[PDB]
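These notes concern the structure reproduced below.
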RNA sequence: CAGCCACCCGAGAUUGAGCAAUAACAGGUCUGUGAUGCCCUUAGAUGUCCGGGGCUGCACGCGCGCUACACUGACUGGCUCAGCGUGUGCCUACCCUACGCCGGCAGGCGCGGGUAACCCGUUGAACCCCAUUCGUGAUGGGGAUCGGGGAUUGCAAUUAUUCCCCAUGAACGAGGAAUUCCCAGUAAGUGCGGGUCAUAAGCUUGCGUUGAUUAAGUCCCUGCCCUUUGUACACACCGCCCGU
Ligand SMILES: [Mg+2]
Ligand SMILES: [Mg+2]
Ligand SMILES: [Zn+2]
């Protein structure tokens, strides 16, 4: 029951983050956290890294809600 | 086991120290009280304690002096003195030990009987 | 002696140092604006003082 | 040119329910930039039907004590989840909200017995205004308890709740409660 | 990305287990003498990155963190930051940490009970020592 | 007809309080009074000072409440808005404070204004807003308990007045039967003032600030009014009254 999310990526979970998250219609730290079993801090850092690399498009940013979408 | 020590300094230097040096070893409060000054009838109790200690025979305990005052446990000048602290109706007998420095006399004469409960009655649970 | 003991307890701040200017009671005193009267005496003399009820 | 927030038009929103056309206010006199208008719609009966539906949702979001009166937070929570409904569905978020309102409102439900009674319940029909009110209340409640004790933020729970209600899916709390009420009304017919 | 250099999921410091997944300055708070403010000041004056988690720091970093934790005044931590200032008996300013230091200095209640002070008596009787009413509160664990 | 509903125009188409009849209660108050009648006491006093206790004492039961159980949140910075009002006193000691300096802090030391639309003050309130870190767990939620230090008011702070710091880090994951208060700038969040006040608000009395859901109805529950009706009641159903 108690979920055990990661705090840093392993190679398997760093994978499936570079070729499926860039394909989601909606990319959010909570969505990625739930679909990759990672913590919110790690999800935010990973999404910021992806956006820095140009693979993700930022739709809106807020202190309480940050929204990304696929680059297509 | 080891000789008594208060804030790093032991019995003899505590006797040899003045009030100004006491205020440094004492905590906040018991420093404010000393800085504000020991009023009269505190000096009266101190001098009665001194006289009782002096008149005491060798190796024997001093005679107990009784007081209403919840007063400072001053530097060991009061240590070894036999004091009866008024609790409200009785003068409880207390021997001043070195670990009692910096405390109040009233901390050693309880003013109430500890509660040993009886069976609930009347409208205890309405 | 009794001269130095009678009424020797300091009375400068507490409720023992204030009283009603009318009845000398010490409870329910109104110190606001300098009235220094208890609640009941104030209700009794409010119209004379000039305090009237509007709302 | 009175798009909500500054991005969502209303000219394309179709209520297409006839029954609730007069009670969902979205289209021409009810096209406003923001879901915040102060407003005095509670002063006289039925006026809240003149209130824009997005503002009604915004007001219904301020719930459970700790969020009472925090309307700026709720307009933010609607602006987001409109931005998210658009990403998830590709449709106008206003259309999704209107479809959710249509789908989540009960048509029948049970009251205490008829003229009088103290044993069972009797089925009756629902006013259009009560339909819209109950739809908003159920959608907001479903979002609220989806977001509670969960990393999923509000404005994500509400977006998915509205999307499911627009789809008519049974993954929606509002649709489940509507079906439950309608079935109980059926049993007490 | 997890660090290959044996990311310490569990770290032993002072006979206490800290979690390597926890961010530093909150992982070392598990030590029974350190809480939040002390941890932050210790890590600030130990010059370690505060964004790191407890598993990514090396052995040298953890060693110097432990030393600066056990010798606060030797690294210019103010005397008012400590939990054992002007300690009775030896009037030394210090920070008491973990088992053997915090719980043993906790066992200064026997001083109060030996002098039979009122606070020590209230401790011995299991009652409350800071002058709170006991009519209708604290009725848990008292049968 | 008396009026009711809707709409226009309109600042407003029901703002909120204050006062409030005849008659009654063995309702509360002799502990507000130099308001009081009768008793009691009145000098080793139930008068009055003065020490010390108490009024808090804790197996337990019951009211009003405060803080919570988090992410619609905590933390950390940044930004930006109030109103009601109170300020130096007969006795009477005790005011509100700008600015400078010293100190994490609580504080301390100098200097001024103000008896006040004149000074505090342009009252730079909180929530809220913006960004940050946390990441679903008793967790960085939550802050009970407890230790060690430091100050302030006071004639004395121990049974810890209050305040500061560092530590410690409990229950609590939304609450059973059962109940309260509420119809618009309202409920509820959120601070602020007045009273109390040497020291002091989890109380109360006011003030703004953000600001809703629902209702425009009915006697179903709870009362309370009537009206007709019955009475052997009239001290009035806590009545009256029958037999062993
Ligand atoms: Mg009725
Ligand atoms: Mg009769
Ligand atoms: Zn009076």
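Chain E residue numbers are taken from Swiss-Prot; in order, the displayed residues are 3-145.
If you're wondering, the header gives electron microscopy, 2.6 Å.
For all residues, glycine too, the Cβ spot is worked out from N, Cα and C.
For E:91, E:94, E:106, the entry in Swiss-Prot reads SUMO2 cross-link. Taken from Swiss-Prot, the feature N6-acetyllysine applies to E:94, E:106, supported by a large-scale study or a structure entry.
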Residue E:106 (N6-acetyllysine) and residue E:91 (SUMO2 cross-link), distance between Cα atoms, whole Å: 14
Cβ neighbour count (within 10 Å, all chains shown) around residue E:91 (SUMO2 cross-link): 14
Residue E:94 (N6-acetyllysine), number of other Cβ atoms within 10 Å: 12
Local Cβ density at residue E:106 (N6-acetyllysine) - other Cβ atoms counted within 10 Å: 10
Pairwise CA distance, residue E:106 (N6-acetyllysine) versus residue E:94 (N6-acetyllysine), rounded so that it is a whole Å: 16
